Structure formats: structure tokens, C-alpha cells
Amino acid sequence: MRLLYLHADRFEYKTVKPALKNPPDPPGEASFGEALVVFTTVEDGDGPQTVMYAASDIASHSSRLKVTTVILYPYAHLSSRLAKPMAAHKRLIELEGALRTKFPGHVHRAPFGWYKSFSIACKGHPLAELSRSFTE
């Protein structure tokens, strides 16, 4: 699993066209204030342990930034070893569930299987932008 952690002053997205024949989540849109935005690419090897490591690391990083909102943003583009879409959807649901057991703030998982427009204002401090890899 490859993640990009972006500490935003604000974030919003809107689903536009379907990217999958039948997206498993409904269309919609949402906007946020200060949040850790986690662009998340699920990789072929990802299983339960990978999800638990990532949930721990996101919670720990959120804690040190003192953010109380996490956005789990499905992203196809961080890796060249993608899981298939149905496995990726399942892992992202698991990740959202695991993160709730480790992090006490707002957890928002964005819809899977859509093209989306988005806007972000990302902070420019030294820890505002980091990448992570998790495996089992």
C-alpha cells in the first residue's frame, strides 16, 4: 500500500464521471477544514496486516500534527503494482474501520470508483507532505 499524507488547511472533492463500470459507492461531494488528506493506493500484496500498520501510522502521524480529521482518499496513481478494484475497495473499507479503533477524530472515506475533481490547500511546514509504504 502506498500513501501520500497531505496536511491541508482545507480539502474538498466532487465525484464526476464513473471510473468503473458500476462504482461501489454512490456519487457525492464533501468539503473540510484542516485535515490530514491520505491519498491511498492499494497494492496487490495488501492484506489485514498492511491495513493495521497503515491505520496505526495514520493515527500516530495525525496525533503529532494535532489534526482531528482524516480523509481516506482512494487514489489510483501512487504505485505501479495496483490491487484489482474490488480488492482495493475492500481494503479501503477495512482501513477506515481500523483507523476508527486507533484515531478519535473524524474519519471520512471518499467514494471509490469515481473520477473526482478536488481542491486542496496544503500547508507548507516540514511535515505537511510525506509518503508511506506498508506491506506484509
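Numbers for residues come from their place in the sequence shown, where the first is 1.
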Residue stretch of maximal mean CA temperature factor, 44 to 52 vs 22 to 30: 22 to 30
Residue range whose averaged C-alpha B-factor is higher in the record, 80 to 88 or 35 to 43: 80 to 88
Highest recorded Cα temperature factor - choice among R64, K102, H106, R109: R64
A8 - Cα temperature factor, lowest/middle/highest third of chain: highest
